[PDB]
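Residue numbers (this note's numbering), protein chains in the order written: chain A, 858 to 1317; chain B, 858 to 1317; chain C, 858 to 1317; chain D, 858 to 1317. These notes concern the structure reproduced below.
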């Protein structure tokens, strides 16, 4: 009621999720799951603590540290820690709510949570960050553990911070266990850490194509437009290049890079690994603009994004940050001819893009339509590997890169089929119309979580 | 000298084990596993706690809750919880002592325990059961854990109740871990786990039959008389039909329903799934008889047992409850060819109907003799999957129904091979005589546990 | 300003405290205690959890439950729980921050903390409250203890509720210890615990007359007007009568109660126990004012406060709720001849009323000026005794009513001496002007706490 | 119901409690206290566990250990450990139930509990007992604590064993804390502890029926019958000389020690210390009856009891073995003028003797019925000083004999006043008549406990 304060980014996330249930037959054939709706919307535990850390030059500095522990029906709480100046409880509760159902769809026993702080890594030495991670871990220590809550990273996967965190836990608790995810190979790491959300997203589009076009086309000779030039985007280019598709695009913070002749060219691995190499030393495509290998068949577009500027390309993978896509760019990926999109980043496409594509699929059918596949289905591939790493640490063994990838594949194929089938179950599409992935996926995630909490006595 | 409390169901168990050891050449190799007897028969710990809860009409209801943790040399304590008005520490110690050696024979690392309450589910709503399970788990919390004691379901405690239990533990201890067995698939559950006991009897009998045949016969064209129409019995009525035998009966708490022609007539899976579907409403077998499908192929028996009414049958699968075999009905099948009777019903027979089969085994030479099989061999199938589920929750994964069955096979074939081959060593049969299974099996499980307890310094 | 949630009631609390420091020479002697200001203003640890419980009709209910653990430099976290529909992090932080300095001034080793939920006792039966308290301690248990957080009662939470809390603690943790305060006498109770709130107020005020007038006036023949008829107000209506003054009036929220002759008349214990008697069956004052025993010597004033309708009164003791004196009535009290006011209840006088008194204190000298002493000076009656009860439970003894009151007295005597002298230490008034107790008390509470926090290495 | 096993001496304990309550006006004012009646029958937690230990000839032992934790509303569970061959859960439940209410009456914060083993120290060397106590306090450590359950010594457990128990705890838990009672002074021992159990019983009689006499019978000038010459019985004589009485009798094993002059000489302290001296080496009294100091002032009859031979006594103290009163030894007492029987030992009176005394109590006036002093008023002194000793160890200090006696006095005055007042409160006597004190006592302990457990929501 009235006392319930402002957390806007959560409130709209709740409505959009409730809306999927309301715009379906689930709630028509389960009016007890309404009694569940309100229970889960409140997180099972939230913690907030003061984080004090001495800086370089030796001065006392105070920030706020957090960990939202949203749901635990499926498994131990699973999530990520995000260090950004704009962090409050509102954004992480939002992120925590999404995490619940994403972990549901992986099929691994994992709960939902999110945390971190309002610390800005920019203008901080790795030595100041060290003492911060120590001091963060010090007062989260008691609310986490391997069977209870296993945090991770968010805004960009580097294990540098995960390194500092796990060290302080071991020094406190006298224990070596999977308390954190995204660990280095030497100290309890997964191989296929770097290719979790990137390689995984392409597989879904592979799974997309075959069902959707009923197997007369595949990634073979399809041009794919990616945003971002980072961890997600390079490894998400490469699986397309593996399947004899083509990488049309690349993008960064001071401009985009597109191939000039939009039908018959791409970014080769060799071309990608240079921008991989540049981005580790904090370079752009302003540092790559003259190159003999790049200049002759490419075009830098400064200050701009790769949706509208690409002329004709048939997949979209926004893999930089959230809200890179706006309404302006959204329908541009309808007039360009693309029938396939998932957000390789977290919430990369706006609510306008979201509203746009599902709204098209609502009232247009067959081959004509673009299919926006949800983050909780496509972008699930990071957090599954994280679970498979927790599973590795539990087993106390390390897996072959192929064995981890083999399972990653199977998780995404079932995740797609679950959303697909759950859509047809409840939001039965009209003949010609593709099933709803935002609906299938949300209902598929909500029913697993809901049904579990019925049999765990959290609602009755 | 007789200072202890009178415990009539445990004393029944005690003779069975001791007598088998005495009627064997154990002590002709090993007289120090004699003194073992007194150490293990005393439990490591017994818990008993008052449970207070509320009924639907808002009143106080006060009940007694229990947990015997008998032995743990081989692994964490493992055991079901049973809610029945006649339960006390006498019965739980009894059931607990049997559990020890059954888990031994699986080869998994599992101890022996048993618990539950004297609460009667009958009359009580699923809503009242909820608040009771909460209040039961609330005290038990402190005496259990995934490496210490992992309980399960039993008479009147099902996955619905195991749901309620697991939820309260997680809410108390702030962890997601395999504290219970028989969990739902989505929250740490095993496939085959509800349907393991019934595969357990059949597979055991097949290899039991084979050593009888000395490698020549199977359920192929064998008529089987099954009692019980619950979890064990239906899937054991199916599983014989899977290998090519025939089901000439099934039964419940009212009485039995059987085919006309007990030489070459049978049920079908479709007819079994009819009983399966209907019994989950607690609805009777008398109700099946007047359908189109039943009346003209069958006869219901108003208030009978189905041993005396099947005629020429050699196979008996008593998969209802304890004391569902009596001497009268046993002899009725001895002239009809009863050469096989394994027990999934943990204790389908008592002191009278133990004896007669062992006495038959020592005369009617070869396969002409009866092989009455131990509870610690056949019904072990269910409790194996419990261990494989603990193994899955350790690994933090789920295995496919097939993969779990594949391993379950090995446990049952090795269990028989252990008892059979140990019997030949100690209860050496005369040529013409089948080896002694209630000897082999009891000696097999008891010696491993005694041997471990010597190495763990619990006896010297 | 901008990454912070907006929490008004806390900002005012922090402002008034920062303001007192700014209007003072603390920072002039010690400019490192700015670093001290900012660290403690962020709480060390805050907890928020979902509270699920059941209503009369067996309906599921959801609330949000909290416990802010603000500071613990002085001792274990101490502070009440509040059950009110309005409850949110703004109010709990606010109440939590203030608690820190009040505990400082008691001298006892107690930190600051506050918690509770958005449970409304109104329209809940003792039976629903019971089942709520069952489900509340359940998720707080892990964050508290006698040597960590020791909560108490507050708006909506009484010893009856603290009863239900303490029962679940014993049930979940096999521990019986002083985890909560305001317990019944037989099960870890203090004497004067039911009496403290009223008695404590008077003692503090008693010193004020004596210092100010330098022992030339006392409670003999001074009119003291009480608002409220609560626990707090009755023992302050008795304690003035004990010391030889006269009780002008009593009140609640359907109208005040006054004597006919407001210059010489009082209440009597017999007439107080009637109002005590009515409040236990939740009967108001309007309901009693008809009596032959009452109506002949009093006049009921419906719907109105007793501050402007006293006219001639010399001491004023807010003993009801928050903001139960407004500026109008505060200035009105100045014109009537009231010279002393201190909040026996929580947060009685407005900051405007205070500042109206603060303006008067600055411009009048000797006895002549009105002295508002904030709540953290007089209301420590109930919070000091809480510590003395924890001390009793630690010693595992009971002290006599007299012995506990004797100490309670001395704690208020030292609290007055601290605030008085700390005012003169930093904020020396111009000679003849009375010392500032908003300044003395806040500086006295801040500096001791900061000094602890400095030497415990949490600021430097 | 039907499952309850046969549990005798607890039914007798429960009967005597329930019956007393049901024969009173408690239930005229308290109708909900039937809901209370059913809760307290069932203990909150009981653990019953295997002890293995080792003997001097290298032989393995199995012996059985118990610890009933009956109720803890008032304080931590309190109750001694007893090593007696006849121990089962029947006797420990019985002793446990009584202990609850005995602690209640003292007003110290103590729950009820009881434990120990069926091990007989007789025949065992202090070396075998040592290794047994080690092995006992290997497996009970986890179910006790100073804040959880505080055991003590009893039949077969002495300070030697208390040392051994506490020593093993310290090796496990790395803690020095008051787990146990009757410890040496230097390592947590209280300075009236051996001289508390006796002094307390006499004090009660000093006022017990004296309030009837309207404070006219100082514990001077009373003729006494003492049955026992042990710790409790000896020290019940040392205080008597202080108060101005004269003791005629005592008793041991083979025979009795009763005076020639039944109306004349008491024992001297030096004469008592003579009996005390031989009881360290278990040397009997027959060895001192042949000496000039005692042989010429006493009369020994081997194989008789000390009830009637005196001829004339005004008190009876069955403080020897478990039961040393018969039908024939139970009416002459009435004819001699003994009106103040004061049960020293547990179950000291026979139910037939009692039922002569119950008949006498009903047929009389107020100061010269044979007022039987209950199970839980007289020996309360023994367990009371335990609650000062754990309190001393908590405070980390040792108190002088005077200070411990000073409190012992106040405990006994309130204990008497509770029984006294609770009798008159509920079992209001007819004018002239003495009340029932076993009814005062039974109602007094049960109402306090019920009151706590009502407030803690364990019954409603």
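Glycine included, every Cβ here is placed at the ideal spot set by N, Cα and C.
Proximal chain D residues relative to residue i, where beta-carbon distance stays under 8 angstroms
i	result
residue 904 of chain B	902, 903, 904
Span separating the alpha-carbon of residue i from that of residue j
i	j	result
residue 1141 of chain B	residue 1017 of chain B	22 angstroms
residue 912 of chain B	residue 920 of chain B	12 angstroms
residue 1293 of chain A	residue 888 of chain A	22 angstroms
residue 1096 of chain B	residue 1008 of chain D	57 angstroms
residue 866 of chain C	residue 877 of chain D	58 angstroms
residue 1199 of chain C	residue 1100 of chain D	55 angstroms
residue 1039 of chain C	residue 1047 of chain C	8 angstroms
residue 937 of chain A	residue 1135 of chain B	47 angstroms
residue 1238 of chain D	residue 1042 of chain D	18 angstroms
residue 959 of chain C	residue 1050 of chain D	42 angstroms
Cβ pair residue i, residue j closer than 7 angstroms
i	j	result
residue 1167 of chain D	residue 1119 of chain D	yes
residue 1110 of chain C	residue 1163 of chain C	no
residue 1170 of chain A	residue 1030 of chain A	no
residue 1181 of chain C	residue 1205 of chain C	yes
residue 1298 of chain A	residue 1234 of chain A	yes
residue 1222 of chain A	residue 1300 of chain A	no
residue 1010 of chain C	residue 1019 of chain C	yes
residue 891 of chain A	residue 904 of chain A	no
residue 1003 of chain C	residue 1034 of chain C	yes
residue 1268 of chain A	residue 963 of chain A	yes
residue 1190 of chain A	residue 1173 of chain A	yes
Partners in chain C for residue i, counting only beta-carbon separations shorter than 7 angstroms
i	result
residue 943 of chain A	860
Exposed unless 16 or more other CB atoms sit within 10 angstroms - verdict on residue i
i	result
residue 1316 of chain C	buried
residue 1249 of chain D	buried
Neighbour list for residue i in chain B, Cβ cutoff strictly below 7 angstroms
i	result
residue 968 of chain A	1033
residue 975 of chain D	860
Listed by chain order, chain C residues near residue i by CB distance under 8 angstroms
i	result
residue 1136 of chain B	What residue 1136 of chain B touches in chain C: nothing, since even the nearest Cβ is about 29 angstroms away.
Proximal residues of chain B, C-beta to C-beta of residue i below 8 angstroms
i	result
residue 915 of chain C	913, 984
7 angstroms Cβ cut-off: residues of chain D touching residue i
i	result
residue 1317 of chain B	917
Can you list the alpha helix (DSSP H) stretches of 4 or more residues lying completely in the stretch 1161 to 1191 of chain B, in chain order?
Runs of alpha helix (DSSP H) with 4 or more residues, each lying fully within the stretch 1161 to 1191 of chain B, are found at 1184 to 1191, listed in chain order.
Counting only runs that start and end within the stretch 957 to 1005 of chain B, where is the beta strand (DSSP E) found for 3 or more residues in a row?
969 to 974
Length-filtered (4 minimum) alpha helix (DSSP H) runs lying within the stretch 1203 to 1231 of chain D
1208 to 1218
What runs of the beta strand (DSSP E), each 3 residues or longer, lie entirely inside the stretch 1055 to 1108 of chain D?
1106 to 1108
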